[PDB]
Amino acid sequence: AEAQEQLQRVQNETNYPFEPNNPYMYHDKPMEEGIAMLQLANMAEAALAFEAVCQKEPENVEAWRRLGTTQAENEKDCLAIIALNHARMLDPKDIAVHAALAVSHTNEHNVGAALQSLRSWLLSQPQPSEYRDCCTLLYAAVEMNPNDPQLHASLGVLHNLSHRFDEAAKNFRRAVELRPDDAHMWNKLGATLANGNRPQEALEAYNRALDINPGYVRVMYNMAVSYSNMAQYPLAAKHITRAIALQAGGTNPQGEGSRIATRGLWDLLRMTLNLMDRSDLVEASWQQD
Amino acid sequence: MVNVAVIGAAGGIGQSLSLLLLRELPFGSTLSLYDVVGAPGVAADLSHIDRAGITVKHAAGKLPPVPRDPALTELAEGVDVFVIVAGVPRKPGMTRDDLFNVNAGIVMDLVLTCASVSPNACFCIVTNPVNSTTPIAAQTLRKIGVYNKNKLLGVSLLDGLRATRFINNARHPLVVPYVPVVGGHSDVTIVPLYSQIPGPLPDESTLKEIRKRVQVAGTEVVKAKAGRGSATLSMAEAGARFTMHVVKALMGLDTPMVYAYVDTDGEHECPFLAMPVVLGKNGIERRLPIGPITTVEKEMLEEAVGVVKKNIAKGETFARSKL
Amino acid sequence: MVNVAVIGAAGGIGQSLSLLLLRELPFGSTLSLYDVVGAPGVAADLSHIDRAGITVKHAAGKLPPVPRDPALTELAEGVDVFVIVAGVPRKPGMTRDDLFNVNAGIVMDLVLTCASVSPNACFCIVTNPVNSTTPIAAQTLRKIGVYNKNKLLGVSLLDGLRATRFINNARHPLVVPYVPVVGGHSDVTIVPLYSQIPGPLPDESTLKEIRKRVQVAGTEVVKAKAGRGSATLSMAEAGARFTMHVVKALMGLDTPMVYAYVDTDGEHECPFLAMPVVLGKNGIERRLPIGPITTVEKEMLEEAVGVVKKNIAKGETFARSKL
Amino acid sequence: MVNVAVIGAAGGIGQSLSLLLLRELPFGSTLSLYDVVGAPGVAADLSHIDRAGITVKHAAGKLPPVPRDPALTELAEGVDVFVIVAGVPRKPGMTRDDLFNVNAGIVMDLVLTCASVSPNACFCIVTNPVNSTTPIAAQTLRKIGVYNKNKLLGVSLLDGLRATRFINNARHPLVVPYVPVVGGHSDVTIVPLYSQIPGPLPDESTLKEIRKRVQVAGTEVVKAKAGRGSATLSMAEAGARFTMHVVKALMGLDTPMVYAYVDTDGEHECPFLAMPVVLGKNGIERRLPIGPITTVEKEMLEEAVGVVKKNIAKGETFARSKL
Amino acid sequence: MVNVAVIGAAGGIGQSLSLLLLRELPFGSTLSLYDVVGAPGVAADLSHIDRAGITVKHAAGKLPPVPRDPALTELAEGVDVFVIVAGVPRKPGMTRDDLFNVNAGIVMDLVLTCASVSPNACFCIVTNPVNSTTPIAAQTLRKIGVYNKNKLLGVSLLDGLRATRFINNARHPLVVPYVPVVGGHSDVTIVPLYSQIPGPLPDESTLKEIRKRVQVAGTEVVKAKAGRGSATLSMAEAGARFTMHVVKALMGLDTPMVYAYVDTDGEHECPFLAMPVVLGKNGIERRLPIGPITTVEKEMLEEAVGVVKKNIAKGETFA
């Protein structure tokens, strides 16, 4: 059929498999449905509507733009980065196809391409390892853009690359008064404090996300990690299983795909269920019920 | 007939360990070196010395590290022993948890890359946080599929060296070859058993003075270097001897008795402890009980067991928060 | 008994030299350390090794340098086997034009300061520009009036090590324990002697390549290290072996034959040359002729003598101007 | 430099002892041999073995055992260690009827001749019944008077060699370097302390049999050879090892712990006993207590003391009668 | 691992050889002992040593020396290296041939029953006349059909020790580790090569007198020992060290260079001569030429090769 042909033609340099069980490309004007679905909450199926609209227009420059960000928000970092790369090779001049291709690139701890992605992002800018040239070009220490969100608020990923969890904390704390409304940006200073111990004082910002976006699934993951680091197993497990439960909403009986992207999540209930000696779930709970 | 990998050379402990291993290796051996940077430079230096039969191999790597390096997965072909010495230099402001947080991922990746091709091999972790870095390797081996409890060791002989050297000075004319040490490798999880040594003891009120100095010597060394160094020369020698013991046991030329941080399958309730073992042709072949102890050593092992237990729990509950 | 005191052994080659010396010195010996910076760290590291009969003493030095350091004068009591390893670790920033007048000044300061209080002692030079700095030490010792031609050694065993390693690989499985090398320790001065060793020596065409590789092997180590590092491990091993030979022959337990940069004293037209000598309990006992050599080593030795004469002339000229 | 003279070299023990001592002495030493019959035959045999540094001297005596042979006086000059191994063959000695009488005079004459000219030497008694032979030597030394209790060693190391081998056979995977032995050197005056060694021990039923096996060990070899000699290939090794320990201790290169028949000045109720001791540069430095023991070892030590108290008395009664 | 067996370790030289053997063998290696009489006593005496990791096995013969002892063929079931030391002493009252007249018998029998069950084993003949016993052993091995040219060594290391000690005595304090000696293992057949060693040398007369002293050592030893006995200890020393060089060579732990009485196998005239060889994991691996020699050494070598050819011709028949 025409839909099947669309699927094999997508199965290309633009592979992005995304098992076809969603009836949203059947719905007309999917772009509007996509923008209206996340206007309140639940970016999960909003990312699905973005997939639906982006599936039949390969040349749509802005289709991949929000799709990459919303697929990075929902913790599925794997297919989102290759989708963003395919977006980048089409129009290789945009901050969105480079900023989200740099910070999310470090979640896999691939320090190689992150530096060149940062270089590409800083390219437009109309006005103990390699580091040196990239960091010097970045700098911009109150040179002519004091309190510049995209630069001053950002670039903490560079600090996170060097595992220097002392300068990043301040570089993010005194970077949120400007543009003081972005739940995703909160995560940027929500985990960098957690990674340097200090679990309690990094907890509040997590609830801060719930102040504006009570639909995030990565904030719940981060707070479960922090609680597990604090060895408070029971409610940590309860809240993380709530996080997986909220990760899939609606089309869930048919909303599954390759079932590898939600692997680490379906691993983190492990490494904890063996600490309170209950077990009894182990490999038996393999059906993701 | 013996091939040894020194993964993590071209650096601190690694260079001295390789230099010491070049001399004591038996005839017909093969030494392989690896590092992200500097491997060819040291391979072109160790090959200019004499001695027949020893052959040196090396493999460089991409300057920005990448998972599952193609060079390492090809250099790991036909290797019997894997020494893992790859960490971070002791910067002043790193506390005690940042070092573990930065070393756990490196250890996991290196173990995965090495064991993905050659499962039947011994491991000789000498990273630094021995109490916590061994469970990570155990978990990686568990999830991969191949994991032998008899072929996984953690080097902790430096405590024995320190205890012997400190007990040989206050009892001059008398010399003893070795002193047992039980527990872990940290400030509090070390207890030297001084009631199992032949000869008279130098009374109390000084035995306790030596016992705490044994634990504090590491911080003493760190302070002596103006806060910008660590014990590297002494730590290198404590690894070369253990590696030689393992190699000789594997070849069948000896059956040594060593104290190593190894899994205690059964016996003690703590999953991991440093207790005497006897090596052989298949790694550890016979574990040994701790033995009789006095009433003043019973008030330290109880705390050591708890601290080791919580360290193992912390090492096994390692997770990464996504930014 | 013996009180070997390495001078400047706190960086690169010195640390490895100290580590190798510690683990092989005879019972009842003394090891002393001194450097401008970093000496306490090495002393702390070396003071936790389980060796009986070895006592470690260390000094320090005002960070900005200072001629005739009073602290160093407090360490040269009873030392017999003074070892100078005070080599400047320069970089490719600027070439060999300089680094001579600085190393020569360092040698003139250190040798004079050490010998002003401990006359009856050996002096093994291991600084870089050997052919020129050995006469510097000779002139410095003669200035006071305590010159002893029998105790002034220049380490040149690295060339023998390299020649043996390069000749044991092209003639497998036949092996030899040593290979004689004459001339000097630099550039086109090295003259290996492959004719007077047992065995069916190979063809001349490949022998030319082998000898050229032996001559030029200095550059390849620097080239392989991105032009940054240098051969700092092999030199430490060679120095350790030579000073161990000297120590064991000084106590009367051996009378071995070695090659070194020594004063000829009327046995050759050249003032200084690398010729075989047999040691003893008073220094150098007997001196041997070169022996029968083939028809091309004549020209090679002539060129080596021609270069060495100019090198010694430059060295002698430098010392006279320096006060 | 040290001179190690052996008394008796043409016997079944002297030849093997000299052969073992020749290849283990340090460089620049001297070996001396003496026997009434056959000394040149064994002296000329050891002058062809490749060993640089060692020199050999010898002297023979008249066929009739004339007391105070002038050959011994000439040979014994500058001697630092004296080994007394010269006993009549046990083939015609029956069972301690005349063997004790004949053997107690030869050792007395030998020690009287040796100690007259050189009074500063260490005596290692190896002959038959050491228990009574040692007090005879002590009285012979004290008659004229040069006696020094710090230099009088009775070789009792064979029992340790026998005891160490037996344990390692039952417990194959585990190996122990040595096992302490207390008491005397006879059939029933031997108490091997198995309770002071590392590792678990077998049950009491088998341990009792093993302990009894050590006590009756000499007669097994005698009955195996059907009365054609005795154990001569093991006493030689034991004497060689003990002599090497004494020589190294005197030279200053080692300070070992040994178990030997010694004179208890103010430690135990018995005058002479086999208890642990530490050597130095002046013979015995400081004696050591036996240490904790179990209940059965207590009664075994009691019985051994009860026998040795009259074993010494018999030798004392034999002495004090000539003069 | 390896299994070194000594055939006749109950005489004067056998007792002093097994003791040195059980002091250097690597961990996990047996040591078999066989003799007509006295074997149980030596086995019991040597079993009490404290060295761990070495086991001792013994076999007992019969007082009447019957041929092809069924006990001996049971002991040699897993032996890797065979050393033959059995023979008769050098008591006065007979020339060489008379001694030969008996020795050539025994050497055959001992090399016949052993090779019948362990064909792939090394051989380390020590029984002196040497010059003539090695061809006899080769002929006996050819009879069965298993004769490997790469595993047949005649011990000749004693002359090397004598020559190097004699030259070290006259060159104090200069010391050398060894000196090459070729030609054979008897009187005039022995030829040192003193012009292939480092350092200067004395005048011609001294060299001649030291060369004379090297090849007459046995006579002076037996003279200093009255008329009884022989060179017991020395023959038991060089006989042990050489064996060690073989053992390591069979485990890959060394690649020694030794001088021994071997088969030329297409080389300088006489089939057997003492020439340098390179050992390995499969017996003899590479033979080497003798090398440059002085003019007098050429005539000495010619005389030696003539004498050794006469000796091998005499010993090749024994019929």
# chains A, B, ... in the order shown; residues from 1 in each chain; ligands from 1
>>> residues_around(residues="residue A:216", least_positions_apart="3", cutoff="12 Å", atoms="only C-alpha atoms", output="number ranges by chain")
A: 38, 40-44, 70-75, 182-184, 186-187, 206-213, 219-223, 242-244, 246-248
>>> residues_around(residues="stretch 13-30 of chain A", least_positions_apart="4", cutoff="6 Å", atoms="only C-alpha atoms", output="PyMOL selection string")
chain A and resi 52-53+254+257
>>> write_last_selection(atoms="N, CA and C atoms", output="PDB file, in the first residue's frame")
ATOM      1  N   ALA A  52       4.236  11.060  13.418  1.00  0.00           N
ATOM      2  CA  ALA A  52       3.197  10.899  12.409  1.00  0.00           C
ATOM      3  C   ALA A  52       3.307  11.963  11.324  1.00  0.00           C
ATOM      4  N   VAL A  53       3.508  13.217  11.730  1.00  0.00           N
ATOM      5  CA  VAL A  53       3.600  14.300  10.750  1.00  0.00           C
ATOM      6  C   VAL A  53       4.929  14.233  10.000  1.00  0.00           C
ATOM      7  N   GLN A 254      -0.369  -1.184  21.890  1.00  0.00           N
ATOM      8  CA  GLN A 254       0.269  -1.128  20.585  1.00  0.00           C
ATOM      9  C   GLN A 254       1.374  -0.083  20.505  1.00  0.00           C
ATOM     10  N   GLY A 257       7.702  -0.708  20.487  1.00  0.00           N
ATOM     11  CA  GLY A 257       8.504  -0.700  19.281  1.00  0.00           C
ATOM     12  C   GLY A 257       9.611  -1.732  19.314  1.00  0.00           C
TER      13      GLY A 257
END
>>> residues_around(residues="stretch 223-232 of chain D", least_positions_apart="3", cutoff="8 Å", atoms="only C-alpha atoms", output="list in words")
residues 12, 13, 89, 90, 91, 218, 219, 220, 235 and 236 of chain D; 38, 40, 41, 44 and 45 of chain E
>>> write_last_selection(atoms="N, CA, C and O atoms", output="PDB file, in the first residue's frame")
ATOM      1  N   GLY D  12      82.037 -40.813  54.502  1.00  0.00           N
ATOM      2  CA  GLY D  12      80.833 -40.733  53.696  1.00  0.00           C
ATOM      3  C   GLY D  12      80.107 -39.410  53.805  1.00  0.00           C
ATOM      4  O   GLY D  12      79.357 -39.050  52.891  1.00  0.00           O
ATOM      5  N   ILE D  13      80.312 -38.680  54.897  1.00  0.00           N
ATOM      6  CA  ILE D  13      79.689 -37.381  55.095  1.00  0.00           C
ATOM      7  C   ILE D  13      80.606 -36.246  54.657  1.00  0.00           C
ATOM      8  O   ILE D  13      80.142 -35.252  54.099  1.00  0.00           O
ATOM      9  N   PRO D  89      83.180 -45.485  62.009  1.00  0.00           N
ATOM     10  CA  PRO D  89      82.007 -46.107  61.387  1.00  0.00           C
ATOM     11  C   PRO D  89      81.225 -46.942  62.389  1.00  0.00           C
ATOM     12  O   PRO D  89      81.795 -47.586  63.272  1.00  0.00           O
ATOM     13  N   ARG D  90      79.902 -46.917  62.246  1.00  0.00           N
ATOM     14  CA  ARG D  90      79.006 -47.608  63.165  1.00  0.00           C
ATOM     15  C   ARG D  90      78.835 -49.084  62.835  1.00  0.00           C
ATOM     16  O   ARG D  90      78.125 -49.785  63.565  1.00  0.00           O
ATOM     17  N   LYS D  91      79.451 -49.567  61.756  1.00  0.00           N
ATOM     18  CA  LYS D  91      79.347 -50.986  61.417  1.00  0.00           C
ATOM     19  C   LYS D  91      79.918 -51.892  62.504  1.00  0.00           C
ATOM     20  O   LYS D  91      79.238 -52.863  62.881  1.00  0.00           O
ATOM     21  N   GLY D 218      65.753 -42.544  62.253  1.00  0.00           N
ATOM     22  CA  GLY D 218      67.097 -42.998  61.937  1.00  0.00           C
ATOM     23  C   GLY D 218      67.174 -44.495  61.703  1.00  0.00           C
ATOM     24  O   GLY D 218      67.900 -44.956  60.818  1.00  0.00           O
ATOM     25  N   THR D 219      66.426 -45.274  62.488  1.00  0.00           N
ATOM     26  CA  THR D 219      66.480 -46.725  62.360  1.00  0.00           C
ATOM     27  C   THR D 219      65.793 -47.227  61.097  1.00  0.00           C
ATOM     28  O   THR D 219      66.062 -48.356  60.673  1.00  0.00           O
ATOM     29  N   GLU D 220      64.910 -46.429  60.496  1.00  0.00           N
ATOM     30  CA  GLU D 220      64.283 -46.840  59.244  1.00  0.00           C
ATOM     31  C   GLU D 220      65.317 -46.962  58.132  1.00  0.00           C
ATOM     32  O   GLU D 220      65.327 -47.945  57.382  1.00  0.00           O
ATOM     33  N   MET D 235      72.422 -35.871  56.419  1.00  0.00           N
ATOM     34  CA  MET D 235      73.232 -35.149  57.389  1.00  0.00           C
ATOM     35  C   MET D 235      74.193 -34.195  56.699  1.00  0.00           C
ATOM     36  O   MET D 235      74.465 -33.106  57.216  1.00  0.00           O
ATOM     37  N   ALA D 236      74.705 -34.580  55.528  1.00  0.00           N
ATOM     38  CA  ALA D 236      75.587 -33.695  54.776  1.00  0.00           C
ATOM     39  C   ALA D 236      74.868 -32.414  54.379  1.00  0.00           C
ATOM     40  O   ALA D 236      75.398 -31.310  54.554  1.00  0.00           O
TER      41      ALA D 236
ATOM     42  N   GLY E  38      71.817 -51.532  46.632  1.00  0.00           N
ATOM     43  CA  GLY E  38      71.928 -50.260  47.312  1.00  0.00           C
ATOM     44  C   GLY E  38      70.901 -49.223  46.918  1.00  0.00           C
ATOM     45  O   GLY E  38      70.873 -48.144  47.526  1.00  0.00           O
ATOM     46  N   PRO E  40      67.463 -49.218  47.328  1.00  0.00           N
ATOM     47  CA  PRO E  40      66.512 -48.860  48.397  1.00  0.00           C
ATOM     48  C   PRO E  40      67.107 -47.959  49.464  1.00  0.00           C
ATOM     49  O   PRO E  40      66.415 -47.068  49.968  1.00  0.00           O
ATOM     50  N   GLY E  41      68.376 -48.163  49.820  1.00  0.00           N
ATOM     51  CA  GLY E  41      68.990 -47.317  50.831  1.00  0.00           C
ATOM     52  C   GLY E  41      69.103 -45.872  50.387  1.00  0.00           C
ATOM     53  O   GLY E  41      68.784 -44.948  51.139  1.00  0.00           O
ATOM     54  N   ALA E  44      65.599 -44.314  50.329  1.00  0.00           N
ATOM     55  CA  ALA E  44      65.127 -43.961  51.664  1.00  0.00           C
ATOM     56  C   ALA E  44      65.863 -42.743  52.207  1.00  0.00           C
ATOM     57  O   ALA E  44      65.251 -41.873  52.836  1.00  0.00           O
ATOM     58  N   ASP E  45      67.177 -42.665  51.981  1.00  0.00           N
ATOM     59  CA  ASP E  45      67.946 -41.539  52.503  1.00  0.00           C
ATOM     60  C   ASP E  45      67.553 -40.231  51.828  1.00  0.00           C
ATOM     61  O   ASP E  45      67.447 -39.193  52.490  1.00  0.00           O
TER      62      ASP E  45
END
>>> residues_around(residues="residue D:206", least_positions_apart="6", cutoff="12 Å", atoms="only C-alpha atoms", output="number ranges by chain")
D: 166-167, 170, 212-213
>>> interface_residues(of="chain C", to="chain B", cutoff="6 Å", atoms="only C-alpha atoms", output="PyMOL selection string")
chain C and resi 41+44-45+48+50+161-162+165+224-225+231
>>> atom_distance(atom1="atom CA of residue A:60", atom2="atom CA of residue A:188")
28.8 Å
>>> select_by_dssp(residues="stretch 100-219 of chain B", states="strand (DSSP E or B)", output="PyMOL selection string")
chain B and resi 122-125+153-154+181-183+190-192
>>> residues_around(residues="residue C:291", least_positions_apart="2", cutoff="12 Å", atoms="only C-alpha atoms", output="PyMOL selection string")
(chain C and resi 180+182+193+195-196+275-276+288-289+293-294+297-298) or (chain E and resi 197-201)
>>> write_last_selection(atoms="C-alpha atoms", output="compact mmCIF listing (two decimals), in the first residue's frame")
# COMPACT_ATOMS: atom_id res chain seq x y z
CA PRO C 180 81.88 -5.03 22.84
CA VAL C 182 84.10 1.23 21.55
CA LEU C 193 82.75 -4.67 17.30
CA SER C 195 83.74 -9.47 14.50
CA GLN C 196 85.18 -10.76 17.79
CA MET C 275 87.96 0.82 26.54
CA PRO C 276 87.54 -2.43 28.50
CA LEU C 288 93.26 -3.99 28.23
CA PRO C 289 94.02 -3.27 24.56
CA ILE C 293 89.70 -5.85 14.41
CA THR C 294 88.71 -6.06 10.75
CA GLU C 297 86.63 -0.85 12.01
CA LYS C 298 89.98 0.87 11.41
CA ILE E 197 88.74 -16.13 24.35
CA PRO E 198 88.84 -12.43 25.30
CA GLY E 199 91.92 -10.72 26.64
CA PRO E 200 95.66 -11.12 26.12
CA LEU E 201 97.54 -14.39 26.56
>>> residues_around(residues="residue D:93", least_positions_apart="4", cutoff="12 Å", atoms="only C-alpha atoms", output="list in words")
residues 87, 88, 89, 97, 98, 99, 100, 101, 102, 103, 128, 227 and 229 of chain D
>>> interface_residues(of="chain E", to="chain B", cutoff="12 Å", atoms="only C-alpha atoms", output="list in words")
residues 1, 25, 26, 27, 28, 29, 52, 53, 54, 248, 249, 251, 252, 253, 254, 255 and 256 of chain E
>>> closest_atom_pairs(of="chain A", to="chain B", cutoff="10 Å", atoms="only C-alpha atoms", output="JSON lines")
{"residue": "A:75", "atom": "CA", "partner": "B:322", "partner_atom": "CA", "distance": 8.9}
{"residue": "A:77", "atom": "CA", "partner": "B:322", "partner_atom": "CA", "distance": 9.9}
{"residue": "A:103", "atom": "CA", "partner": "B:323", "partner_atom": "CA", "distance": 7.9}
{"residue": "A:104", "atom": "CA", "partner": "B:323", "partner_atom": "CA", "distance": 7.9}
{"residue": "A:106", "atom": "CA", "partner": "B:323", "partner_atom": "CA", "distance": 8.6}
{"residue": "A:107", "atom": "CA", "partner": "B:322", "partner_atom": "CA", "distance": 6.3}
{"residue": "A:108", "atom": "CA", "partner": "B:67", "partner_atom": "CA", "distance": 9.4}
{"residue": "A:109", "atom": "CA", "partner": "B:66", "partner_atom": "CA", "distance": 8.3}
{"residue": "A:110", "atom": "CA", "partner": "B:66", "partner_atom": "CA", "distance": 6.3}
{"residue": "A:111", "atom": "CA", "partner": "B:64", "partner_atom": "CA", "distance": 6.4}
{"residue": "A:112", "atom": "CA", "partner": "B:64", "partner_atom": "CA", "distance": 5.5}
{"residue": "A:113", "atom": "CA", "partner": "B:64", "partner_atom": "CA", "distance": 9.2}
{"residue": "A:129", "atom": "CA", "partner": "B:64", "partner_atom": "CA", "distance": 7.4}
{"residue": "A:130", "atom": "CA", "partner": "B:64", "partner_atom": "CA", "distance": 7.8}
{"residue": "A:157", "atom": "CA", "partner": "B:323", "partner_atom": "CA", "distance": 8.6}
{"residue": "A:160", "atom": "CA", "partner": "B:323", "partner_atom": "CA", "distance": 9.0}
{"residue": "A:162", "atom": "CA", "partner": "B:102", "partner_atom": "CA", "distance": 10.0}
{"residue": "A:163", "atom": "CA", "partner": "B:102", "partner_atom": "CA", "distance": 7.4}
{"residue": "A:164", "atom": "CA", "partner": "B:94", "partner_atom": "CA", "distance": 9.3}
{"residue": "A:165", "atom": "CA", "partner": "B:98", "partner_atom": "CA", "distance": 8.8}
{"residue": "A:166", "atom": "CA", "partner": "B:93", "partner_atom": "CA", "distance": 9.6}
{"residue": "A:184", "atom": "CA", "partner": "B:323", "partner_atom": "CA", "distance": 9.4}
{"residue": "A:185", "atom": "CA", "partner": "B:323", "partner_atom": "CA", "distance": 9.5}
{"residue": "A:186", "atom": "CA", "partner": "B:323", "partner_atom": "CA", "distance": 9.6}
{"residue": "A:187", "atom": "CA", "partner": "B:323", "partner_atom": "CA", "distance": 6.2}
{"residue": "A:188", "atom": "CA", "partner": "B:323", "partner_atom": "CA", "distance": 5.6}
{"residue": "A:189", "atom": "CA", "partner": "B:323", "partner_atom": "CA", "distance": 8.0}
{"residue": "A:190", "atom": "CA", "partner": "B:323", "partner_atom": "CA", "distance": 7.5}
{"residue": "A:191", "atom": "CA", "partner": "B:323", "partner_atom": "CA", "distance": 5.3}
{"residue": "A:192", "atom": "CA", "partner": "B:323", "partner_atom": "CA", "distance": 6.7}
{"residue": "A:193", "atom": "CA", "partner": "B:323", "partner_atom": "CA", "distance": 9.9}
{"residue": "A:194", "atom": "CA", "partner": "B:321", "partner_atom": "CA", "distance": 7.3}
{"residue": "A:195", "atom": "CA", "partner": "B:321", "partner_atom": "CA", "distance": 6.6}
{"residue": "A:196", "atom": "CA", "partner": "B:98", "partner_atom": "CA", "distance": 7.0}
{"residue": "A:197", "atom": "CA", "partner": "B:97", "partner_atom": "CA", "distance": 7.9}
{"residue": "A:218", "atom": "CA", "partner": "B:322", "partner_atom": "CA", "distance": 7.7}
{"residue": "A:219", "atom": "CA", "partner": "B:322", "partner_atom": "CA", "distance": 9.2}
{"residue": "A:221", "atom": "CA", "partner": "B:321", "partner_atom": "CA", "distance": 7.7}
{"residue": "A:222", "atom": "CA", "partner": "B:321", "partner_atom": "CA", "distance": 5.5}
{"residue": "A:223", "atom": "CA", "partner": "B:321", "partner_atom": "CA", "distance": 8.7}
{"residue": "A:224", "atom": "CA", "partner": "B:321", "partner_atom": "CA", "distance": 9.2}
{"residue": "A:225", "atom": "CA", "partner": "B:321", "partner_atom": "CA", "distance": 6.4}
{"residue": "A:226", "atom": "CA", "partner": "B:321", "partner_atom": "CA", "distance": 7.9}
{"residue": "A:228", "atom": "CA", "partner": "B:317", "partner_atom": "CA", "distance": 7.4}
{"residue": "A:229", "atom": "CA", "partner": "B:317", "partner_atom": "CA", "distance": 7.2}
{"residue": "A:230", "atom": "CA", "partner": "B:314", "partner_atom": "CA", "distance": 9.6}
{"residue": "A:231", "atom": "CA", "partner": "B:314", "partner_atom": "CA", "distance": 8.6}
{"residue": "A:268", "atom": "CA", "partner": "B:319", "partner_atom": "CA", "distance": 8.1}
{"residue": "A:270", "atom": "CA", "partner": "B:317", "partner_atom": "CA", "distance": 9.5}
{"residue": "A:271", "atom": "CA", "partner": "B:317", "partner_atom": "CA", "distance": 6.0}
{"residue": "A:272", "atom": "CA", "partner": "B:317", "partner_atom": "CA", "distance": 7.2}
{"residue": "A:275", "atom": "CA", "partner": "B:313", "partner_atom": "CA", "distance": 8.3}
>>> select_by_dssp(residues="stretch 19-222 of chain A", states="helix (DSSP H, G or I)", output="PyMOL selection string")
chain A and resi 30-37+43-54+61-73+79-90+96-108+111-123+132-138+149-153+156-161+167-173+183-191+194-196+203-212+218-222
>>> atom_distance(atom1="atom CA of residue E:238", atom2="atom CA of residue D:3")
25.7 Å
>>> residues_around(residues="residue B:121", least_positions_apart="2", cutoff="6 Å", atoms="only C-alpha atoms", output="PyMOL selection string")
chain B and resi 80-81+119
